[PDB]
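This report refers to the structure that appears directly beneath it.
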Amino acid sequence: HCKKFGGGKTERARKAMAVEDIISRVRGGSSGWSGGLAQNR
Amino acid sequence: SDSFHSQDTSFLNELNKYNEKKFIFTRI
Amino acid sequence: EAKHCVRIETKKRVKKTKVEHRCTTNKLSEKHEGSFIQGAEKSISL
Amino acid sequence: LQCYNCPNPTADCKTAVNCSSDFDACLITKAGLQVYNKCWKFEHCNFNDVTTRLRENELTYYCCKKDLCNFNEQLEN
Amino acid sequence: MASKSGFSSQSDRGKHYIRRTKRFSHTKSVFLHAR
Amino acid sequence: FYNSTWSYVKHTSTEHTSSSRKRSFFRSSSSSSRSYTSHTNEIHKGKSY
Amino acid sequence: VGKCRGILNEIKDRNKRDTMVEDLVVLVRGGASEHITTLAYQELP
Amino acid sequence: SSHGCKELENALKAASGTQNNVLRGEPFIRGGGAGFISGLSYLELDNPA
Ligand SMILES: *[C@@H]1O[C@H](CO)[C@@H](O[C@@H]2O[C@H](CO)[C@@H](O)[C@H](O)[C@H]2NC(C)=O)[C@H](O)[C@H]1NC(C)=O
Ligand SMILES: *[C@@H]1O[C@H](CO)[C@@H](O)[C@H](O)[C@H]1NC(C)=O
C-alpha cells in the first residue's frame, strides 16, 4: 500500500569542564581554635 | 508533496548550539 | 467609556444590497494614589 | 510485520523471525556497513528516532509495508 | 496571512510570522565605608 | 523627616469593528477589527530623615 | 491532483551575561588581639 | 470564490526603575572612657542618637 523513505545526517559535539578548588590555611593560634577557623569561618 | 500515487519529500536542517560559562573567585 | 455603534442596510431591485456595521469603543481608567507624611521633633533639656 | 530482525550491524540480515503481528510495517536501514533490520513499529518513519534507537548518524531507512517486506537488500546501494 | 481561491480548482496560501525580542539590564551598586 | 510616595496608573484601550456584506449576483463579505491599548504606570518615592 | 509546498524557519538567540565584583578592606589598629581579629571579620561589629 | 484574512499584533513593554539610598552619620565625642566613647559613637542605625 505505502512505501516510506528517509535519511540524513546527525551531528553532536560537546566540550564540558568543571573545576572547583578551595584552600583554607590558618597559621598561628592554637591547634583547636585555628582548626575551627580553618573548618568554619 | 504531490498527489495525482501520492508522494512526499520533506527536508530538515538545524543547528542547535548551547554555551555556558560560570566563574567564581573569592579570596579572604 | 463609550460605545458608538451604527448600522445601515440597503437593497435596490429592478438587484443590489448592502448590509454594513462599523463601531468603535474607547475605555480609559486613571488611578491616583499619593501620600506625604512630614514631621519634626525638638527636645532641649537643661 | 513478521520482519527480518538484526539489532546489530549485519551486511546481509537474513534473520527472518515470527514476530508475526499482521497489520504493521517493518524497518530496513542501511548506514553503509552498519545495516540493521527490526521487528519495527508501524505509525513511524522518523529519522531522529531511527538514529536514536539504532545509534546511527548517516543512516538511510524505509518503513516498508506489512509483512516480510524488509529483507536486507531492499535498500539499494 | 490566509488566502483561499477556487472555481474546479483550489488554491490555499497561509503564512505566519513572529519577531519576539527581550532586552533586560539590571545593575546594583553598594559603597559602604565605616571608620 | 519627610516620607513622600506617589503612585499613578493610566489604562486606555481603543477598539474598532467593521462588517460589510454585499450581494449583486456577485457576493462579498468584508470585515476589520482594530484594537489599541496604551498602559502607563509610575511610582515615585522620596524619603528624608 | 494536489501539490503542497511549505517552509518553517525558526531562531532562538538567548544570551545572559551576569557579573558581581565585591571588594572589602578592613583595617584595625590598636587594642587586644581578640577584638582586633573579630573587628577584622567581614561583618560590621 | 476568493478569500483573504490577515492579522497583525505588535505588543511592546518598557519598564525602568531606579533607587538611590544614601545614609550618612558622624557621632563625635570628647571626654569619657575610651570604651564608652567607642561604644556610644558606634552608630546604631536603628537608634542613631
Ligand atoms: C511576549 O510574548 C511572551 C511569550 O508569549 C509573553 O510571555 C507570556 O506572557 C503571559 C502573560 O503575562 C504569561 O501567561 C506567559 O506565561 C508568558 N510566557 C513566558 C514564556 O514567559 C510576553 O508577555 C509578551 N510580551 C508582551 C509585552 O506582550
Ligand atoms: C558552620 O557553623 C554554622 C554555625 O554554627 C553552622 O550552621 C554550619 O553548619 C557550620 N558548618 C560547618 C561545615 O561546620
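Ligands are numbered from 1 in the order shown, chains are lettered A, B, ... in the order of the C-alpha cells, and residues start at 1 in each chain.
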
Around ligand 2, which protein and nucleic acid residues have at least one atom no more than 9 Å from it, if we count only C-alpha atoms and all ligand atoms? List them as a PDB file with C-alpha atoms, in the first residue's frame.
```pdb
ATOM      1  CA  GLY A  36      37.931  25.663  63.949  1.00  0.00           C
ATOM      2  CA  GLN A  39      36.929  24.492  59.042  1.00  0.00           C
ATOM      3  CA  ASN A  40      34.207  27.097  59.577  1.00  0.00           C
ATOM      4  CA  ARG A  41      34.765  30.834  59.126  1.00  0.00           C
TER       5      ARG A  41
END
```

Test item: residues lying within 6 Å of ligand 1 with only C-alpha atoms and all ligand atoms, as a ChimeraX atom specification: /H:11-13

All residues 10 Å or closer to region 6-14 of chain B, only C-alpha atoms, same chain fewer than 6 positions away omitted, as a VMD selection string: (chain A and resid 2 to 10) or (chain G and resid 1 to 11)

Contacts of residue 44 (chain H) within 12 Å, only C-alpha atoms, excl. fewer than 2 positions in-chain, as number ranges by chain: G: 44-45; H: 24-27, 38-42, 46-49

Backbone-only DSSP, strand (DSSP E) members of chain B, as a PyMOL selection string: chain B and resi 2-3+6-7

Any chance you can output those residues with C-alpha atoms as a PDB file, in the first residue's frame?
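Just written: out_9.pdb:
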```pdb
ATOM      1  CA  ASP B   2       2.381  15.915  -4.813  1.00  0.00           C
ATOM      2  CA  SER B   3      -0.628  13.699  -5.499  1.00  0.00           C
ATOM      3  CA  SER B   6       0.574  10.313  -3.506  1.00  0.00           C
ATOM      4  CA  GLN B   7       4.243  11.041  -2.821  1.00  0.00           C
TER       5      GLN B   7
END
```

Residue 23 (chain D) environment, 9 Å, only C-alpha atoms, sequence neighbours closer than 3 positions dropped, as a list in words: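 My list of contacting residues is residues 1, 42, 65, 66 and 67 of chain D.
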
Generate a file of the selected residues that holds N, CA, C and O atoms, formatted as an mmCIF file, in the first residue's frame.
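For reference, part21.cif as written:
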```cif
data_model
loop_
_atom_site.group_PDB
_atom_site.id
_atom_site.type_symbol
_atom_site.label_atom_id
_atom_site.label_comp_id
_atom_site.auth_asym_id
_atom_site.auth_seq_id
_atom_site.Cartn_x
_atom_site.Cartn_y
_atom_site.Cartn_z
ATOM 1 N N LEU D 1 3.839 -7.590 10.524
ATOM 2 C CA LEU D 1 5.237 -7.167 10.221
ATOM 3 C C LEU D 1 6.130 -8.387 9.945
ATOM 4 O O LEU D 1 6.740 -8.466 8.881
ATOM 5 N N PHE D 42 4.980 0.117 13.300
ATOM 6 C CA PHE D 42 4.225 0.980 12.398
ATOM 7 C C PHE D 42 3.838 2.295 13.075
ATOM 8 O O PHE D 42 4.136 2.504 14.255
ATOM 9 N N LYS D 65 6.053 -1.595 4.058
ATOM 10 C CA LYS D 65 4.719 -2.079 4.397
ATOM 11 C C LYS D 65 4.682 -3.523 4.891
ATOM 12 O O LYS D 65 5.340 -4.414 4.348
ATOM 13 N N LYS D 66 3.863 -3.732 5.922
ATOM 14 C CA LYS D 66 3.344 -5.029 6.393
ATOM 15 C C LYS D 66 4.442 -6.092 6.481
ATOM 16 O O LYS D 66 5.472 -5.847 7.124
ATOM 17 N N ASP D 67 4.274 -7.261 5.861
ATOM 18 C CA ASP D 67 4.997 -8.470 6.234
ATOM 19 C C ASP D 67 6.112 -8.832 5.262
ATOM 20 O O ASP D 67 5.941 -8.764 4.040
#
```

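Candidate residues F:41, F:28, F:33, F:14 were compared for distance to chain C, and the nearest is F:14, using only C-alpha atoms.
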
Shell of 12 Å around residue 7 (chain H), only C-alpha atoms, local chain residues under 5 positions omitted, as a VMD selection string: (chain E and resid 1 to 3 14 to 18) or (chain F and resid 31 to 35)

Residues of the last selection are to be written out with N, CA and C atoms, as a CSV table (one decimal), in the first residue's frame.
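Okay, again33.csv is ready:
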```
chain,number,residue,atom,x,y,z
E,1,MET,N,-1.2,35.5,7.7
E,1,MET,CA,-2.0,35.7,6.5
E,1,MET,C,-2.7,34.4,6.1
E,2,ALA,N,-3.8,34.5,5.5
E,2,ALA,CA,-4.5,33.3,5.0
E,2,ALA,C,-5.2,33.7,3.6
E,3,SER,N,-5.0,32.9,2.6
E,3,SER,CA,-5.6,33.1,1.3
E,3,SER,C,-6.2,31.8,0.8
E,14,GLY,N,-1.3,30.0,3.3
E,14,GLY,CA,-1.1,30.5,4.6
E,14,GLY,C,0.3,31.0,4.9
E,15,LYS,N,0.4,32.0,5.8
E,15,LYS,CA,1.6,32.5,6.3
E,15,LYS,C,1.5,32.8,7.8
E,16,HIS,N,2.7,32.6,8.5
E,16,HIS,CA,2.8,33.0,9.9
E,16,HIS,C,4.2,33.7,10.0
E,17,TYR,N,4.2,34.7,10.9
E,17,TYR,CA,5.5,35.4,11.3
E,17,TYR,C,5.5,35.7,12.8
E,18,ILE,N,6.6,35.6,13.4
E,18,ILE,CA,6.8,36.0,14.8
E,18,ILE,C,8.2,36.7,14.9
F,31,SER,N,-14.6,42.7,6.6
F,31,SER,CA,-14.6,42.9,8.0
F,31,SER,C,-13.2,43.3,8.4
F,32,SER,N,-13.2,44.3,9.4
F,32,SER,CA,-12.0,44.7,10.0
F,32,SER,C,-12.2,44.9,11.5
F,33,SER,N,-11.2,44.4,12.3
F,33,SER,CA,-11.1,44.7,13.7
F,33,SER,C,-9.8,45.4,14.1
F,34,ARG,N,-9.8,46.5,14.7
F,34,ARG,CA,-8.6,47.2,15.2
F,34,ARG,C,-8.7,47.5,16.7
F,35,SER,N,-7.7,47.1,17.5
F,35,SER,CA,-7.7,47.3,18.9
F,35,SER,C,-6.3,48.0,19.3
```

Chain F residues near chain H (10 Å cut-off, only C-alpha atoms) as a list in words: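 That gives residues 26, 27, 28, 29, 30, 31, 32, 33, 34, 35, 36, 37, 38, 39, 40, 41, 42, 43, 44, 45, 46, 47, 48 and 49 of chain F for chain F.
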
Check: which chain D residues lie within 9 Å of chain A using only C-alpha atoms, as a VMD selection string: chain D and resid 45 to 48 51 56 to 66

I need the residues from that last selection saved to file as a CSV table (one decimal), in the first residue's frame (with C-alpha atoms), if you can.
```csv
chain,number,residue,atom,x,y,z
D,45,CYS,CA,9.1,6.9,10.0
D,46,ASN,CA,11.1,9.5,12.0
D,47,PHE,CA,14.8,9.9,11.2
D,48,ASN,CA,15.6,11.1,14.7
D,51,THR,CA,19.2,7.4,14.6
D,56,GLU,CA,23.5,5.8,13.7
D,57,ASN,CA,24.0,9.3,12.3
D,58,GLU,CA,24.1,8.8,8.4
D,59,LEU,CA,21.6,6.0,8.0
D,60,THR,CA,19.1,5.5,5.2
D,61,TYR,CA,15.9,3.7,6.0
D,62,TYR,CA,12.5,2.5,4.8
D,63,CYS,CA,9.4,1.7,7.0
D,64,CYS,CA,8.3,-0.8,4.4
D,65,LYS,CA,4.7,-2.1,4.4
D,66,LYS,CA,3.3,-5.0,6.4
```

Residue neighbourhood region 17-28 of chain A, 8 Å, only C-alpha atoms, exclusion window fewer than 6 positions, as a list in words: residues 34, 35, 37, 38 and 39 of chain A

Interatomic distance, CA of residue 43 (chain H) to CA of residue 28 (chain E) (Å, one decimal):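 CA of residue 28 (chain E) lies at a distance of 24.6 Å from CA of residue 43 (chain H).
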
Straight-line distance linking CA of residue 18 (chain B) with CA of residue 17 (chain G), stated in Å to one decimal: 14.2 Å

Length of the CA of residue 23 (chain E) to CA of residue 16 (chain B) vector [Å]: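 Atom-to-atom, CA of residue 23 (chain E) to CA of residue 16 (chain B), that is 21.7 Å.
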